[PDB]
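J.: Mapped onto the deposited numbering, the consecutive letters of the sequence shown carry residue numbers 34 to 271, 280 to 372.
The beta-carbon is built from N, C-alpha and C at its ideal position, and this holds for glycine as well.
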Amino acid sequence: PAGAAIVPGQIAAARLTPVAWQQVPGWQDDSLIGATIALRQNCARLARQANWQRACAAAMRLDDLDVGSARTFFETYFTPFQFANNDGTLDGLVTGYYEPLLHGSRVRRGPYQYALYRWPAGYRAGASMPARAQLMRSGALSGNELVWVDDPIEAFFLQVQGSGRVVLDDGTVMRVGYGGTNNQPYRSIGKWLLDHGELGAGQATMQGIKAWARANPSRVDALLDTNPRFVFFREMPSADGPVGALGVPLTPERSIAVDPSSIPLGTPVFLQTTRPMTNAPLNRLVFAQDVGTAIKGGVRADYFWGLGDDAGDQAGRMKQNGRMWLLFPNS
Numbered sequence: 034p035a036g037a038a039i040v041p042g043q044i045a046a047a048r049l050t051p052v053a054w055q056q057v058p059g060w061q062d063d064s065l066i067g068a069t070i071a072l073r074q075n076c077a078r079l080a081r082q083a084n085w086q087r088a089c090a091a092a093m094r095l096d097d098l099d100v101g102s103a104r105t106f107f108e109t110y111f112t113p114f115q116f117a118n119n120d121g122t123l124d125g126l127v128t129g130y131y132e133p134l135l136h137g138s139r140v141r142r143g144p145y146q147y148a149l150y151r152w153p154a155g156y157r158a159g160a161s162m163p164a165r166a167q168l169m170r171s172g173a174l175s176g177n178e179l180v181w182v183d184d185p186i187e188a189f190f191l192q193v194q195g196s197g198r199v200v201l202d203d204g205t206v207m208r209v210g211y212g213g214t215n216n217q218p219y220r221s222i223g224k225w226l227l228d229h230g231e232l233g234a235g236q237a238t239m240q241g242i243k244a245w246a247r248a249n250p251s252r253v254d255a256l257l258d259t260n261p262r263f264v265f266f267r268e269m270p271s280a281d282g283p284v285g286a287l288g289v290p291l292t293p294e295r296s297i298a299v300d301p302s303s304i305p306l307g308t309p310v311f312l313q314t315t316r317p318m319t320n321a322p323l324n325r326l327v328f329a330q331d332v333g334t335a336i337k338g339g340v341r342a343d344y345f346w347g348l349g350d351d352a353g354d355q356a357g358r359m360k361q362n363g364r365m366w367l368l369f370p371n372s
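(1) What does the Cβ neighbour count give for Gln-56, buried or exposed, with the cut at 16 atoms within 10 Å?
(2) Given this structure, state the Cα-to-Cα distance separating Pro-185 from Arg-104, to the nearest angstrom.
(3) Assuming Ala-298 is part of the beta strand (DSSP E), what are its boundary residues?
(4) Using only alpha-carbon positions, find the residue among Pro-113, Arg-316, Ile-44 and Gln-313 that is nearest to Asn-119.
(5) Taking only runs of the beta strand (DSSP E) that begin and end inside the stretch 161 to 189, which ones reach a length of at least 3 residues, in chain order?
(6) In terms of residues, what are the limits of the alpha helix (DSSP H) holding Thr-105?
(7) Kindly provide the ranges of any alpha helix (DSSP H) runs that are 4 or more residues long and lie completely inside the stretch 46 to 90, ordered along the chain.
(8) Secondary structure at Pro-34, three-state DSSP: helix, strand or coil?
(9) CB-CB under 6 Å to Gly-210, same chain, minus the five flanking residues each way: which ones, in chain order?
(10) What does the alpha-carbon distance come out to for the pair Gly-241 and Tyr-145?
(11) Identify which residue in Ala-53, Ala-92, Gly-125 and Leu-179 has its Cα closest to the Cα of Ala-71.
(12) Spatial neighbours of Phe-189 within its chain, please: CB distance less than 6 Å, with the 5 preceding and 5 following residues excluded, ordered by chain position.
(13) Going by alpha carbons, who is nearest to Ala-329 out of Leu-98, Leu-287, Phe-111 and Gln-217?
(14) Which of the three DSSP states is assigned to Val-40 in this structure?
(15) I'd like the list of long-range same chain contacts for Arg-78, defined as Cβ closer than 7 Å, with 5 residues on each side in sequence excluded.
(16) For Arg-141 and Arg-208, I'd like the C-alpha separation in whole angstroms.
(17) Go ahead and pull the three-state DSSP assignment for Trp-346.
(18) Between the stretch 121 to 138 and the stretch 353 to 367, are three or more C-beta pairs nearer than 8 Å?
(19) Give a yes or no on whether the C-beta atoms belonging to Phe-116 and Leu-65 are separated by under 8 Å.
(20) Span of the beta strand (DSSP E) holding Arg-247?
(21) Nearest to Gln-313 by alpha carbon, out of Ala-335, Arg-341, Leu-291 and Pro-293?
(22) When you compare the CB positions of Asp-351 and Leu-291, do they come within less than 8 Å of one another, or not?
(23) For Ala-335, does the three-state DSSP call read helix, strand or coil?
(24) Taking only heavy atoms of the ligand ZN into account, decide whether any of them is closer than 7 Å to the Cβ of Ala-335.
(25) Taking the Cβ atom as the reference point for each residue, do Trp-54 and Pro-370 lie within a distance shorter than 8 Å?
(26) How long is the line joining the alpha carbons of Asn-362 and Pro-317, rounded to whole angstroms?
(27) May I have the straight-line CA-CA distance separating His-136 from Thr-238, to the nearest angstrom?
(28) Starting from the C-beta of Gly-282, find all residues in its chain whose C-beta is less than 6 Å away, skip the five residues before and the five after it, and write them out in chain order.
(29) Identify every residue that forms a DSSP beta bridge with residue 16.
(30) Looking at C-alpha atoms only, which residue of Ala-35, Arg-139 and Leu-232 is the closest neighbour of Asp-62?
(31) Name the residue from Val-264, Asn-177, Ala-244 and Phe-111 whose alpha carbon lies nearest to the alpha carbon of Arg-87.
(32) How many angstroms separate the CA atom of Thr-319 from the CA atom of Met-359?
(33) To the nearest angstrom, how far is it from the Cα of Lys-243 to the Cα of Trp-181?
(34) Here's a check: name, in chain order, each residue in its chain whose Cβ is nearer than 7 Å to the Cβ of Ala-248, leaving out the five neighbours to either side.
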């Protein structure tokens, strides 16, 4: 029932080594559910390249339910190449990312009681502000509200990420991105709850912190004030996941960010790794559709877990050994 496991520390004599599909350990462990969705987004940018025209034409005939036919397609139109680091090692690091998804309103009302703030107009770009607790008390933020959300813990973790999306009670969606900082030190509230015994070793996830906050509503404001850092936001230019560097919406658990000088955008990658909390095998066909400032090296990926806080808790814990095969179209 559980998938193929990595034998660590193996090495290879070439950067790319063609292998048979029968030599990809883990290929049969992937259901392939969702892979055709990310494949069609890939083809939106690749279909007219000479090497991709035939594969993309065939790909448009596949539905997303018949994973038997999708498996036959990948085995027929692509060859897998075992991918090594330039030092010959096959092991590399898989981390994770997500897109925060909050629920808010453009006006303060009902459950929407916690503001996200733009950079305060009464202030000069890049001048140091006080800690969060005094910034919130000075009055300097009043009238600089960008939108009002559902939950102060979600707002806090949106600040940690710097960017995300707010589903508004409109029926519209607002994308927010990085709008500046008070340049004061970050201090994790999860570590605070652990260091002071309020949360057990297991449990300082975003969900465990939300639960503790639910239990201790009159302590929440003081907990958040233990982090002096404060992040501001800007509204981004106006259905599916975020758009990545390839220019297409990312697909949860089927898109990775890569170092594009090692793995060009558009490359499908068979990823063998493990799940962050249970450590079970995770064997997944993904597509290189994004990049990131921390994602540098050869066998290196950021796995896109999807939208919302369960995806973020998986992303937060992901720091797993991994193996890669790059697919190239037979063409």
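T.: Checking against the coordinates, here is how it stands:
(1) exposed
(2) 44 Å
(3) 296 to 299
(4) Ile-44
(5) 178 to 182
(6) 100 to 110
(7) 68 to 79
(8) coil
(9) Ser-196, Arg-267 and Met-269
(10) 22 Å
(11) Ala-92
(12) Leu-257
(13) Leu-287
(14) coil
(15) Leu-287, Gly-288, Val-289 and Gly-307
(16) 18 Å
(17) strand
(18) yes
(19) no
(20) No beta strand (DSSP E) holds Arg-247; the alpha helix (DSSP H) holding it covers 239 to 248.
(21) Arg-341
(22) no
(23) coil
(24) No copy of the ligand ZN appears in this structure; indeed no ligand is present at all.
(25) no
(26) 11 Å
(27) 20 Å
(28) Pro-290 and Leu-291
(29) No answer is possible for residue 16: it lies beyond the span of the chain, which begins at 34 and ends at 372.
(30) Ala-35
(31) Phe-111
(32) 11 Å
(33) 18 Å
(34) none
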